[PDB]
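Next comes run-v3.cif, with mmCIF, C-alpha atoms and all ligand atoms.
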```
data_structure
#
loop_
_atom_site.label_atom_id
_atom_site.label_comp_id
_atom_site.auth_asym_id
_atom_site.auth_seq_id
_atom_site.Cartn_x
_atom_site.Cartn_y
_atom_site.Cartn_z
CA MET A 1 0.35 30.74 24.38
CA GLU A 2 3.17 32.32 22.36
CA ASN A 3 3.56 28.89 20.76
CA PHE A 4 0.39 29.34 18.67
CA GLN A 5 -0.46 31.81 15.91
CA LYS A 6 -4.16 32.67 15.98
CA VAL A 7 -5.53 32.46 12.44
CA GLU A 8 -9.14 33.46 13.17
CA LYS A 9 -11.99 33.25 15.65
CA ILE A 10 -14.11 30.22 14.82
CA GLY A 11 -16.69 31.18 17.43
CA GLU A 12 -17.63 31.52 21.09
CA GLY A 13 -18.61 28.61 23.29
CA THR A 14 -20.32 27.73 26.55
CA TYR A 15 -16.88 27.56 28.16
CA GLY A 16 -14.74 29.89 26.07
CA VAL A 17 -13.66 31.14 22.66
CA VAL A 18 -12.41 28.86 19.88
CA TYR A 19 -9.67 29.86 17.45
CA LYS A 20 -8.17 28.15 14.42
CA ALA A 21 -4.43 28.33 15.10
CA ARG A 22 -1.11 27.03 13.87
CA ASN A 23 1.41 25.31 16.15
CA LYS A 24 4.63 27.19 15.41
CA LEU A 25 6.59 24.21 16.75
CA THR A 26 4.92 21.64 14.51
CA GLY A 27 3.24 23.62 11.73
CA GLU A 28 0.01 21.80 12.58
CA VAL A 29 -3.37 23.50 12.28
CA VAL A 30 -5.47 23.01 15.41
CA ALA A 31 -8.52 24.33 17.26
CA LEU A 32 -7.44 26.38 20.24
CA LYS A 33 -9.99 26.77 23.01
CA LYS A 34 -9.29 29.47 25.60
CA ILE A 35 -11.37 28.49 28.62
CA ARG A 36 -13.28 31.17 30.52
CA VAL A 44 -8.36 26.68 37.80
CA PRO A 45 -10.06 24.03 39.99
CA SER A 46 -7.99 20.88 40.52
CA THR A 47 -10.93 18.60 39.74
CA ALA A 48 -11.39 20.38 36.41
CA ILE A 49 -7.77 19.65 35.51
CA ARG A 50 -8.23 15.97 36.36
CA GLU A 51 -11.62 15.79 34.62
CA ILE A 52 -10.06 17.28 31.48
CA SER A 53 -7.09 14.92 31.79
CA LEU A 54 -9.39 11.92 31.36
CA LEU A 55 -10.82 13.30 28.10
CA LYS A 56 -7.39 12.97 26.46
CA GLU A 57 -7.58 9.17 26.76
CA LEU A 58 -10.97 9.18 25.04
CA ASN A 59 -9.97 8.20 21.50
CA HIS A 60 -12.50 7.28 18.79
CA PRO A 61 -12.89 8.16 15.08
CA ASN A 62 -16.15 10.05 15.67
CA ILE A 63 -14.92 12.19 18.54
CA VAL A 64 -12.88 15.37 18.05
CA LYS A 65 -9.52 14.54 19.61
CA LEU A 66 -8.22 16.59 22.53
CA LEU A 67 -4.52 16.92 21.67
CA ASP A 68 -3.17 18.86 24.64
CA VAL A 69 -4.14 20.70 27.80
CA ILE A 70 -2.10 23.80 28.57
CA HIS A 71 -2.41 25.21 32.06
CA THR A 72 -0.15 28.26 32.26
CA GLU A 73 -0.33 31.40 34.37
CA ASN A 74 -3.51 30.11 36.01
CA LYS A 75 -5.26 30.01 32.63
CA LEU A 76 -6.55 27.04 30.65
CA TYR A 77 -6.27 26.40 26.91
CA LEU A 78 -7.45 23.22 25.21
CA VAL A 79 -5.90 22.11 21.93
CA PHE A 80 -8.18 20.02 19.70
CA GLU A 81 -7.90 18.54 16.20
CA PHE A 82 -9.37 20.89 13.60
CA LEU A 83 -12.17 20.19 11.10
CA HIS A 84 -13.30 22.73 8.48
CA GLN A 85 -17.09 22.81 8.87
CA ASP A 86 -19.86 22.28 11.42
CA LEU A 87 -23.21 20.64 10.60
CA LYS A 88 -25.13 23.91 10.98
CA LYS A 89 -23.23 25.63 8.16
CA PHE A 90 -23.65 22.48 6.06
CA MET A 91 -27.42 22.45 6.61
CA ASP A 92 -27.68 26.12 5.67
CA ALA A 93 -25.72 25.45 2.48
CA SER A 94 -28.14 22.63 1.67
CA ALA A 95 -31.30 24.55 2.62
CA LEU A 96 -32.72 24.60 -0.92
CA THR A 97 -32.22 20.90 -1.72
CA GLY A 98 -31.93 19.30 1.70
CA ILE A 99 -29.40 16.69 2.79
CA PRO A 100 -29.83 13.45 0.87
CA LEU A 101 -31.21 10.65 3.05
CA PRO A 102 -28.20 8.35 2.53
CA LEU A 103 -25.92 11.02 4.00
CA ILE A 104 -28.33 11.84 6.83
CA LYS A 105 -28.36 8.12 7.67
CA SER A 106 -24.54 7.93 7.50
CA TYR A 107 -24.06 10.92 9.80
CA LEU A 108 -26.64 9.65 12.31
CA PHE A 109 -25.03 6.18 12.32
CA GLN A 110 -21.55 7.64 12.98
CA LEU A 111 -22.78 9.97 15.74
CA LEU A 112 -24.44 7.05 17.51
CA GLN A 113 -21.16 5.10 17.33
CA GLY A 114 -19.50 8.11 18.91
CA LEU A 115 -22.11 8.41 21.66
CA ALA A 116 -22.15 4.66 22.34
CA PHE A 117 -18.39 4.85 22.92
CA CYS A 118 -18.58 7.90 25.19
CA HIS A 119 -21.54 6.57 27.12
CA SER A 120 -19.80 3.24 27.74
CA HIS A 121 -17.07 5.28 29.46
CA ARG A 122 -19.73 7.19 31.39
CA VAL A 123 -19.00 10.49 29.63
CA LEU A 124 -22.04 12.62 28.89
CA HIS A 125 -22.28 15.56 26.54
CA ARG A 126 -25.31 17.40 27.87
CA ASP A 127 -25.05 20.11 25.23
CA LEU A 128 -25.43 18.49 21.81
CA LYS A 129 -26.30 20.68 18.84
CA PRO A 130 -25.43 21.26 15.13
CA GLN A 131 -22.63 23.70 15.96
CA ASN A 132 -20.86 20.97 17.96
CA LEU A 133 -20.97 18.45 15.10
CA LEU A 134 -18.01 18.73 12.75
CA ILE A 135 -17.59 17.23 9.29
CA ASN A 136 -14.78 16.75 6.79
CA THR A 137 -14.34 16.08 3.07
CA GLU A 138 -14.04 12.35 3.83
CA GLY A 139 -17.69 11.92 4.76
CA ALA A 140 -16.98 11.58 8.47
CA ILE A 141 -18.67 13.59 11.22
CA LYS A 142 -17.38 14.12 14.78
CA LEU A 143 -18.64 15.18 18.23
CA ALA A 144 -16.90 18.30 19.63
CA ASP A 145 -16.91 19.78 23.18
CA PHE A 146 -17.60 16.33 24.63
CA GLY A 147 -17.53 15.85 28.40
CA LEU A 148 -16.70 19.52 28.98
CA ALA A 149 -20.01 20.10 30.77
CA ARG A 150 -19.21 18.12 33.94
CA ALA A 151 -15.67 19.53 34.24
CA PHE A 152 -17.40 22.85 34.93
CA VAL A 163 -28.42 33.69 24.54
CA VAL A 164 -27.70 29.95 24.72
CA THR A 165 -29.86 27.60 22.66
CA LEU A 166 -32.37 25.44 24.56
CA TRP A 167 -33.68 23.80 21.38
CA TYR A 168 -31.97 20.48 22.06
CA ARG A 169 -32.45 20.16 25.84
CA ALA A 170 -34.09 17.02 27.20
CA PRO A 171 -37.36 17.47 29.13
CA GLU A 172 -35.98 16.04 32.38
CA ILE A 173 -33.42 18.86 32.41
CA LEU A 174 -36.06 21.53 31.83
CA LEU A 175 -38.12 19.98 34.63
CA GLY A 176 -35.39 20.35 37.23
CA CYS A 177 -33.81 16.89 37.34
CA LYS A 178 -30.26 17.51 38.55
CA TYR A 179 -29.05 13.95 38.02
CA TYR A 180 -29.60 13.48 34.28
CA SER A 181 -28.13 10.53 32.38
CA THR A 182 -26.73 9.52 28.99
CA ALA A 183 -30.34 9.62 27.78
CA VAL A 184 -30.16 13.42 27.50
CA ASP A 185 -27.77 13.07 24.55
CA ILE A 186 -30.07 10.68 22.72
CA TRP A 187 -32.86 13.26 23.03
CA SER A 188 -30.71 16.02 21.54
CA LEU A 189 -29.60 13.70 18.73
CA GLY A 190 -33.24 12.94 17.99
CA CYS A 191 -34.01 16.66 17.66
CA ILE A 192 -31.03 17.12 15.32
CA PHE A 193 -32.14 14.08 13.30
CA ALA A 194 -35.57 15.65 12.75
CA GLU A 195 -33.98 18.98 11.84
CA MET A 196 -31.82 17.44 9.09
CA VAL A 197 -34.88 15.68 7.61
CA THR A 198 -37.35 18.58 7.66
CA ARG A 199 -34.76 21.37 7.45
CA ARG A 200 -36.31 23.23 10.37
CA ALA A 201 -35.72 23.14 14.13
CA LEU A 202 -38.03 20.65 15.85
CA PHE A 203 -38.57 22.62 19.09
CA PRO A 204 -37.30 26.21 18.68
CA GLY A 205 -38.06 27.62 22.13
CA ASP A 206 -36.95 31.09 23.21
CA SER A 207 -37.15 30.47 26.97
CA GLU A 208 -37.29 27.47 29.29
CA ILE A 209 -41.08 27.47 29.62
CA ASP A 210 -41.60 28.13 25.91
CA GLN A 211 -39.24 25.25 25.14
CA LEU A 212 -41.15 22.93 27.45
CA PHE A 213 -44.49 23.96 25.99
CA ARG A 214 -43.38 23.53 22.38
CA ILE A 215 -42.38 19.98 23.36
CA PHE A 216 -45.69 19.31 25.16
CA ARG A 217 -47.66 20.68 22.18
CA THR A 218 -46.03 18.12 19.88
CA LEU A 219 -45.53 15.01 22.01
CA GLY A 220 -48.43 15.72 24.34
CA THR A 221 -48.27 16.86 27.95
CA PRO A 222 -46.70 13.99 29.92
CA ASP A 223 -48.44 12.26 32.82
CA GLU A 224 -47.75 9.44 35.25
CA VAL A 225 -48.83 6.86 32.66
CA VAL A 226 -46.25 7.72 29.99
CA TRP A 227 -43.63 9.02 32.45
CA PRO A 228 -43.75 7.56 36.00
CA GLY A 229 -42.72 10.16 38.56
CA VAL A 230 -42.98 13.13 36.23
CA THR A 231 -45.34 14.97 38.60
CA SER A 232 -42.68 14.81 41.32
CA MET A 233 -40.08 16.65 39.22
CA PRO A 234 -38.85 19.86 40.92
CA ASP A 235 -40.23 22.29 38.33
CA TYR A 236 -43.33 20.34 37.39
CA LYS A 237 -46.55 22.30 37.89
CA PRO A 238 -50.07 20.79 38.03
CA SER A 239 -51.15 23.91 36.17
CA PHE A 240 -49.38 22.92 32.92
CA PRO A 241 -51.80 23.03 29.97
CA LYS A 242 -52.97 19.63 28.74
CA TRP A 243 -52.03 19.10 25.08
CA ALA A 244 -52.66 15.97 23.03
CA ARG A 245 -49.87 14.15 21.22
CA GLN A 246 -49.47 14.75 17.47
CA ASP A 247 -48.75 12.16 14.80
CA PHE A 248 -45.11 11.82 13.74
CA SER A 249 -46.16 11.49 10.11
CA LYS A 250 -47.13 15.14 10.51
CA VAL A 251 -43.95 16.14 12.36
CA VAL A 252 -41.28 14.60 10.10
CA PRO A 253 -43.21 14.06 6.77
CA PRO A 254 -40.69 12.72 4.25
CA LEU A 255 -39.15 10.34 6.80
CA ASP A 256 -40.08 6.70 6.20
CA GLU A 257 -41.56 4.29 8.75
CA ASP A 258 -38.16 2.97 9.85
CA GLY A 259 -36.96 6.50 10.49
CA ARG A 260 -40.10 7.60 12.30
CA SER A 261 -39.92 4.48 14.46
CA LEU A 262 -36.33 5.22 15.53
CA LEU A 263 -37.01 8.92 16.10
CA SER A 264 -39.96 8.13 18.36
CA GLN A 265 -37.76 5.90 20.53
CA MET A 266 -35.17 8.68 20.81
CA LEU A 267 -37.88 11.11 21.92
CA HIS A 268 -39.64 9.03 24.59
CA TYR A 269 -40.37 11.20 27.62
CA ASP A 270 -39.23 8.65 30.19
CA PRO A 271 -35.40 8.72 30.15
CA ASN A 272 -35.47 5.03 31.15
CA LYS A 273 -37.50 3.98 28.11
CA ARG A 274 -35.65 6.23 25.66
CA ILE A 275 -33.41 4.17 23.38
CA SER A 276 -29.66 3.90 24.05
CA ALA A 277 -27.03 4.64 21.41
CA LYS A 278 -26.01 0.97 21.34
CA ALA A 279 -29.53 -0.30 20.74
CA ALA A 280 -30.18 2.40 18.14
CA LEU A 281 -27.23 1.13 16.10
CA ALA A 282 -29.01 -2.19 15.51
CA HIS A 283 -32.31 -0.56 14.51
CA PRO A 284 -33.67 -1.56 11.04
CA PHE A 285 -33.28 2.04 9.83
CA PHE A 286 -29.54 1.44 9.44
CA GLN A 287 -29.83 -1.84 7.57
CA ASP A 288 -28.91 -0.13 4.29
CA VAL A 289 -26.44 2.44 5.66
CA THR A 290 -23.48 3.50 3.52
CA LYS A 291 -20.77 6.15 3.74
CA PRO A 292 -21.33 8.75 0.99
CA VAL A 293 -18.91 11.61 0.52
CA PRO A 294 -20.64 15.02 0.65
CA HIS A 295 -19.88 17.93 -1.65
CA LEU A 296 -18.34 20.48 0.71
CA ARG A 297 -17.60 24.09 -0.08
CA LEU A 298 -14.72 25.36 2.06
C1 LIG B 1 -19.38 28.39 11.65
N1 LIG B 1 -18.44 28.33 10.54
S1 LIG B 1 -17.64 27.03 9.92
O1 LIG B 1 -18.58 26.04 9.52
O2 LIG B 1 -16.80 27.59 8.91
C2 LIG B 1 -16.62 26.32 11.15
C3 LIG B 1 -15.23 25.90 10.83
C4 LIG B 1 -14.46 25.12 11.81
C5 LIG B 1 -15.09 24.75 13.10
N2 LIG B 1 -14.31 24.04 13.93
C6 LIG B 1 -14.44 24.00 15.40
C7 LIG B 1 -13.77 23.14 16.18
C8 LIG B 1 -12.71 22.18 15.74
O3 LIG B 1 -12.33 22.06 14.56
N3 LIG B 1 -12.31 21.45 16.81
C9 LIG B 1 -13.04 21.81 17.92
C10 LIG B 1 -13.00 21.28 19.30
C11 LIG B 1 -13.88 21.89 20.34
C12 LIG B 1 -14.84 22.96 19.99
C13 LIG B 1 -14.88 23.48 18.59
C14 LIG B 1 -13.96 22.88 17.58
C15 LIG B 1 -16.51 25.16 13.39
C16 LIG B 1 -17.26 25.93 12.42
#
```

Transcribe the structure of this file into structure tokens.
Ligand SMILES: CNS(=O)(=O)c1ccc(N/C=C2\C(=O)Nc3ccccc32)cc1
Amino acid sequence: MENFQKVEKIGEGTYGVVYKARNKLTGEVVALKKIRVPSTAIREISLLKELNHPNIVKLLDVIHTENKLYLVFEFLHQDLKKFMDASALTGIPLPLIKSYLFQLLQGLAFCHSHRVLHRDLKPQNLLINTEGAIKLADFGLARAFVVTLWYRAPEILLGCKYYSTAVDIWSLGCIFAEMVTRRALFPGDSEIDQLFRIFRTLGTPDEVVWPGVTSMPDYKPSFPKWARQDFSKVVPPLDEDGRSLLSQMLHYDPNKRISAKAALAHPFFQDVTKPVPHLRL
């Protein structure tokens, strides 16, 4: 669009490139996403514009010109990944971790109530500002249409084609653990490796802990049998309230995994506050 001046490439995505750009007709700074056009996609994207919430990156406009699609979003200066790297030596203080988690759950609860899944949550999709807020980006873009498998729910890796809102809670749980320990929970480099790293930590699932798991499309009776490890070993500094919530976010059975709404009332958030982080832009 000749109506936008590309400032710089912010990065590539699962559905296109993202640029920081200025709207020559408004002077506004925005995030321009050039998508890499089906009618359903246009309508699916159209719904996302009505999805307004303080913890969701706002979709400002949809420009469909010359059979090409560009999405205009609000712009935030930093993603959680860069923030974690910058805090690698000291770690993110618990009060801030708690604040970010609490806000993300509010965001997810809102999206889920409208039946909008993410299905691709990860640090690069979480944006923060100088105000202490954090927002979900690239929401609901999955349905409308090497990649990291570190945050993928087990039901997805096992071939379930009708996943639910529970897949986002799983990803959030992985991110939660990563902020606390400062290291990826399940850093797999292939689908099977990802699955096995999960099994080696939470134990290989069976019919007892996950009814119907052995009927999943990609389930194999030949999977190695690993025992479950203790969470005190997995996320050390995290207190009992935190470990309790994390475990409910990482239940194998999607139906027993905690929902965003229920997680918001968990004791872990009893003392939540909204600290302002020290950001270097
Ligand atoms: C990786 N470098 S960084 O931290 O400087 C950095 C800076 C800005 C952004 N912003 C990205 C985005 C933004 O603001 N709005 C979006 C809507 C959809 C997808 C990505 C975005 C992401 C990362």

Give the residues close to ligand LIG 1 (chain B), within 6 Å, counting only C-alpha atoms and all ligand atoms; write them as a PyMOL selection string.
-> chain A and resi 10+31+80-86+89+144-145

Residues of the last selection are to be written out with C-alpha atoms, as a PDB file, in the frame of the given file.
```pdb
ATOM      1  CA  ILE A  10     -14.110  30.220  14.820  1.00  0.00           C
ATOM      2  CA  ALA A  31      -8.520  24.330  17.260  1.00  0.00           C
ATOM      3  CA  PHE A  80      -8.180  20.020  19.700  1.00  0.00           C
ATOM      4  CA  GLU A  81      -7.900  18.540  16.200  1.00  0.00           C
ATOM      5  CA  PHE A  82      -9.370  20.890  13.600  1.00  0.00           C
ATOM      6  CA  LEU A  83     -12.170  20.190  11.100  1.00  0.00           C
ATOM      7  CA  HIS A  84     -13.300  22.730   8.480  1.00  0.00           C
ATOM      8  CA  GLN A  85     -17.090  22.810   8.870  1.00  0.00           C
ATOM      9  CA  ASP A  86     -19.860  22.280  11.420  1.00  0.00           C
ATOM     10  CA  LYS A  89     -23.230  25.630   8.160  1.00  0.00           C
ATOM     11  CA  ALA A 144     -16.900  18.300  19.630  1.00  0.00           C
ATOM     12  CA  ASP A 145     -16.910  19.780  23.180  1.00  0.00           C
TER      13      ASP A 145
END
```

Rounded to one decimal place, report the CA of residue 12 (chain A)-CA of residue 65 (chain A) distance in Å.
-> 18.9 Å

Quick one: residues within 9 Å of (-24.8, 8.0, 32.4) (file frame), counting all atoms listed in the file, please, as an MDAnalysis selection string.
-> chainID A and resid 119:124 180:183

Counting only C-alpha atoms, the residue among A:190, A:204, A:147, A:241 that lies closest to residue 262 (chain A) is A:190

Which residues of region 215-287 of chain A come within 9 Å of region 101-117 of chain A, and what is each one's closest atom pair and distance in Å (one decimal), counting only C-alpha atoms, sorted by chain and residue number, as a tab-separated table?
```
residue	atom	partner	partner_atom	distance
A:255	CA	A:101	CA	8.8
A:276	CA	A:116	CA	7.7
A:277	CA	A:116	CA	5.0
A:278	CA	A:116	CA	5.4
A:280	CA	A:112	CA	7.4
A:281	CA	A:109	CA	6.7
A:285	CA	A:105	CA	8.1
A:286	CA	A:105	CA	7.0
```

For residue 239 (chain A), which residue out of A:125, A:221, A:185, A:58 is the nearest one, using only C-alpha atoms?
-> A:221

Spatial neighbours of region 195-200 of chain A, 7 Å, all atoms listed in the file, chain gap at least 4 places, as a PDB file with C-alpha atoms, keeping the file's coordinate frame:
```pdb
ATOM      1  CA  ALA A  95     -31.300  24.550   2.620  1.00  0.00           C
ATOM      2  CA  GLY A  98     -31.930  19.300   1.700  1.00  0.00           C
ATOM      3  CA  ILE A  99     -29.400  16.690   2.790  1.00  0.00           C
ATOM      4  CA  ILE A 104     -28.330  11.840   6.830  1.00  0.00           C
ATOM      5  CA  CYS A 191     -34.010  16.660  17.660  1.00  0.00           C
ATOM      6  CA  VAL A 252     -41.280  14.600  10.100  1.00  0.00           C
ATOM      7  CA  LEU A 255     -39.150  10.340   6.800  1.00  0.00           C
TER       8      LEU A 255
END
```

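As for CA of residue 294 (chain A) and CA of residue 139 (chain A), they are spaced 5.9 Å apart.
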
Nearest to residue 260 (chain A), chosen from A:234, A:70, A:194, A:298, with all atoms listed in the file counted in the distances | A:194

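Each of A:175, A:217, A:127, A:62 was compared to residue 142 (chain A) using only C-alpha atoms, and A:62 turns out to be the nearest.
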
Of the candidates A:215, A:1, A:87, A:44, which one gets nearest to residue 141 (chain A) if we count all atoms listed in the file?
-> A:87

Give the padded box for region 259-263 of chain A as lines of an AutoDock Vina configuration file: axis-aligned, covering all atoms listed in the file, 6 Å on each side, centre and edge lengths in Å to one decimal.
```
center_x = -38.2
center_y = 6.7
center_z = 13.3
size_x = 15.8
size_y = 16.4
size_z = 17.6
```

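With CA of residue 163 (chain A) on one side and CA of residue 20 (chain A) on the other, the separation reads 23.3 Å.
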
List every protein, DNA or RNA residue that has at least one atom no more than 12 Å from (-40.7, 11.2, 17.6) in the file's coordinates, counting all atoms listed in the file, and write the result as a PyMOL selection string.
-> chain A and resi 186-195+202-203+215+218-220+245-253+255+257-269+274-275

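Of the residues under consideration (A:7, A:212, A:29, A:226), A:212 shows the shortest atom-to-atom contact distance to residue 170 (chain A) when counting all atoms listed in the file.
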
Residue 9 (chain A) environment, 7 Å, all atoms listed in the file, sequence neighbours closer than 2 positions dropped, as a PyMOL selection string | chain A and resi 11+18-20
